[PDB]
6 protein chains.
Amino acid sequence: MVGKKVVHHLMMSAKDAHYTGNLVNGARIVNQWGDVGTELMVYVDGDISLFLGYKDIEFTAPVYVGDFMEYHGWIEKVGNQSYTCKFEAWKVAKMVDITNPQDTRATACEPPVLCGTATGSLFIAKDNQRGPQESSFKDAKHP
Amino acid sequence: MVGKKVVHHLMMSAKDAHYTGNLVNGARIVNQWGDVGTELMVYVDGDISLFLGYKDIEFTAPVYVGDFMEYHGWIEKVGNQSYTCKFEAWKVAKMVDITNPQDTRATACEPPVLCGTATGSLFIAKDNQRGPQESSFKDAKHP
Amino acid sequence: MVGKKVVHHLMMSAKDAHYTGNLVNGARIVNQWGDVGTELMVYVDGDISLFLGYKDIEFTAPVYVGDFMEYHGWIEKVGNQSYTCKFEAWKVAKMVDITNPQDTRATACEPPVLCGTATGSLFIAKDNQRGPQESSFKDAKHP
Amino acid sequence: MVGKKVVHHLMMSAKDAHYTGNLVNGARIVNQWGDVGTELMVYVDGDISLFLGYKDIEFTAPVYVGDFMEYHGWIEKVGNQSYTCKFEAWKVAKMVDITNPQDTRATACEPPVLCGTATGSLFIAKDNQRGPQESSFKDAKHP
Amino acid sequence: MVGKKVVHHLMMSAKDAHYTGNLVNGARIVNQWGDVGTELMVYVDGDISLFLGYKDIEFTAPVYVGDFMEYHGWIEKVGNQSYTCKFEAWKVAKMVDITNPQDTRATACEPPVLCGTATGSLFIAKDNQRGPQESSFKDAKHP
Amino acid sequence: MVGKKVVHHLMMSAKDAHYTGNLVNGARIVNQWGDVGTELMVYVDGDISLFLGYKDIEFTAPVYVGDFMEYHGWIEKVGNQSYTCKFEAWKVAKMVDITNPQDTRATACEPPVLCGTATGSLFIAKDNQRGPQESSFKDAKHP
C-alpha cells in the first residue's frame, strides 16, 4: 500500500433507492469509489485526477435504504501517469426489516457485510503532478 | 448476440455535474449501464435482476454538462443464473465551449465519441426466470 | 418533418417517484421533452435554445417507478426565430406489480403505451443561429 | 374563481440549474404547477388527482440559480370529473449578476417579473370525489 | 420585528423522503429555513448572506411524503453585521393514510400543524450591506 | 462519552452546491448530522429514532464543492427517552482554487478546518428501546 487507506462512511437514505423495494443500485458504490479515488489522488499528487477504469468490480451483497456503508480505498501502485488502487464496500448497520415501512428497528452488522470489491486506476498528467499533499503519502514515488 | 441491442439516450444536465468544471463522474455511465442491464434482463427473463459485477470498465473520454449521451448494451451469453453483457457509452452532441457558462453554442459529434466500454454480468435466480418478455428475445435459451 | 426524429430512452428509477405510490409526476415527461427539444435545436442551428412554451400537453397514461420510457420529438417547422416541434412519450416496459415492493417481476409493453403528447416551440435569437450541425438536418432552412 | 388562490414560494438553488449558465429549465415551473394543482385538488375534493394536460404554457422570462419564485394556481371551473385551473410563475428576487459566481449581491423584483403562465386541467374520478377539504373551497360545486 | 414575514410554501414529494416509512428528515426544514433567511437578507441589505448558526431548533411533529408545508421567517433584530431571525414550519395538508401507498386520499390540516421552530442568525459583512431592496423593509435600519 | 464516536466522511460534489459560487448550504452539514445521530441511536438502542432538536449550531467556516468533509458525533448523555449528542464538521481536503472551474489542483487540510459545531438531541420512545446493538455501546444505560 502507498500512503494510508481512505475511508468514506455515510448512510443510504430513501434518496439512494434506485430500483423497487428500496434497493440501491450497484453504481451507488462506484459513485463513492470515484470520490475515494479522488481523495487518494489529492493526497498523492495534489490533483483530483481522472478515473481511467476498473479491472474488475464485484457486487457481493445487496444494499438497501437505511444501510450505513463504508467505502475503503488505497493505492497499490504508483505508475508514471497512472495509479492503481483497490476498493471495498462494507455494510456496518441496517434496518431490521426493510419490507415493513413502519418498522423503525435497526442494528449493527457484526461483522460488517462485504458489499463490493474492485481494482481501479486513475490518471494524473505528468504536468499536473504536484507531489504529496498529506503527510502519510510523503514517501510516495514514481518509478 | 442474444436478443436486440438496448439503447438509452439522454442529456447530461447541470444536475449530472459531479467534480468541478462541469465534469461528470465515471459512475454516471455505470449508473446508466445498470439500467440498460436491467432492461435486458426484463426482456430476457422477466426480472429486474441483480448486477453481479463488471470486467474491464474503461472511461475513454471525459463527459460534461450539456453532453448528449447514448448507452448501448446487449446480451453476449446466457448462463445458468448469470447473463454476460457488453456495454458502450457514446457522446453524440456537446457544448462547444464548456469553459464559458454564457456560451450557448452546441454541436453534434459526427462521428460519435466513444466515452466508455465494459463487460458486465447480471443474475436472475432460477426460480425468478420467467422466460422472454420481449419479442426479439423470444429465442433466448439457457444451457 | 425537418431533419430526423430525436429519441430519448431511459428508466424511471425510485428517484423519479414524485407522488405517493411510486407515481411519477407528469412534469417528468416535460423535463425530458425540454431536453429532446434542446437536442433538436443543437442539430438544426447549433444552439441549446430557449423553450418558448407548449401549445398543448396531454398526459394519457400513468407512469411509475420501474417503467422504461421513450420520448420522441421532431421539428414540424422552422420559423424566423421560433421552431415548432411535436413530442410523444411512450412506455416500453414496466414492473408487473408496483404495489408489491418485493416483487422483482417486470415485462415489456407490447404494444408500447402512449403516456403523453405535446406541441411546443423553442427560440434561437437570429444572431445565435449557426446553421445545421448534424447531417440529417442539412436541408433545414428559415423562411 | 372557486376557492382561494394557492401560492407556492421557494428559491432556485444550484440544484435547480439544468442547462449551462445556471439556467433553470422551463420544466421546473411545470413541476411546481403540478404540485400546486395537486394542492387545489386536495382542497376541492380530497384527492391528489391526476393531471390531464395543459394549454398555452408560456415561458416568458428566463429563470436562474438564486431566483426566488412564486407559483400561483387556482380553480377557474369545476366540471364533472375534470377541473380547469390557471397557473402563474413570478420572480420576486434574484442575483444581481449571475455571470459572476463570486458576486453575492441580490435584490427584489418590484414589481415581480412574470416568468410563466398556463391553463391546466386535473382529473378526479367521481368515486374518488370526497367533497371540499379546506374551508375556502366549501361552496365549490360540480354541475 | 423588522420588515415583513417571508413565507415559503411547497410540497414534500417522494424525493424528500429520507428515512424509511416516507419519513422526511428534520434537515429538510433547516434547508428551507436557510433559503427563507437568504430571502430576508436580500430584502434587508441586498446580499445573500452567510448563515451564522442557530440558537435553537425544535422538531415538533413528523413530516411525510405528500405533506404540504409552509416555512415562515422574519427578522427580529438588525445588528451590526448580524441579523437575528425567527423561523417556523407548518403542515397545511397531508395524505389521509401514508401507510397505504396506493391510497390517493388527502386533506387539509385545519388548523395547520406546527412542525418546527428555530431562532437563527445570518451575517452580511459591513461593506456588503447595500440597504433595503424591498419596500416593506424600507425602515429596516442598523443601530 | 457513552459508546464511541461515529465518523461520517465524504466529498462535496457539484450536486452539493446550493448557493451561487459553489457554496454549500449550512443545512448540508445538518443533514449529515441527522444521519450521524441516527447511527448513534441504532447502536445505543436499536432504533433509527426521531430528532428532537438542536442547541447552538454554529457554522464556523464556509464549505465548497470539492471539499472533503468529516462529520463526528457522539452521545454525551442518555436520558429517559432522550439522548444528548455533540456534533462536529471538519474539512480535510479542498480544491486549491474554487474560483477557476478548470483548475484541477487540490490539497489536504493539515490541520483539518472546523466548519461546524452543535449539540443535538434525539428521541426513542421507551418501548422502542431495544438495548445496545454494537459492542462499544454495550454498557450504555438509562436513568
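Every chain is numbered from 1, with letters handed out A, B, ... down the list of sequences. Just so it is clear, the values below take in all heavy atoms, side chains as well, and ignore hydrogens, waters and symmetry mates.
Note: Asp35(B) leads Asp35(B), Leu50(B), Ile29(B), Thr20(B) in heavy-atom pairs under 4.5 Å with chain A. In terms of heavy-atom pairs under 4.5 angstrom with chain A, the leader among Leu52(B), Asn25(B), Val30(B) is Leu52(B). Each of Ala27(A), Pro62(A), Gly116(A), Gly34(A) has some count of heavy-atom pairs under 4.5 Å with chain B, and the biggest count is that of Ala27(A).
Contact of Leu23(A) with chain B is made through the side chain alone, with heavy-atom distances under 4.5 Å. Contact annotation for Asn31(A): both backbone and side-chain heavy atoms come within less than 4.5 Å of a heavy atom of chain B. At a 4.5 Å heavy-atom cutoff, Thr60(A) makes no contact with chain B through either its backbone or its side chain.
For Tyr83(B) and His142(B), the ring centers are positioned less than 6.0 Å apart.
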Apply salt bridge (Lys or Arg N to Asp or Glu O under 4.0 Å) to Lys4(A) and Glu134(A), showing your working. CA-CA 10 Å; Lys4(A) 78 183 185 186; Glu134(A) 200 277 345; 3.3 Å; yes
Worked check of salt bridge (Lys or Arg N to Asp or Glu O under 4.0 Å) between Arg28(A) and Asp16(A): CA-CA 8 Å; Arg28(A) 175 66 184 85; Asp16(A) 291 298; 2.8 Å; yes
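Ring-plane geometry between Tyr54(B) and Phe59(A) is classed as perpendicular, the angle between the planes exceeding 60 degrees on a 0 to 90 degree scale with a lower cut at 30.
Using a 4.0 Å cut-off between charged side-chain N and carboxylate O, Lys94(B) and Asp67(B) make no salt bridge.
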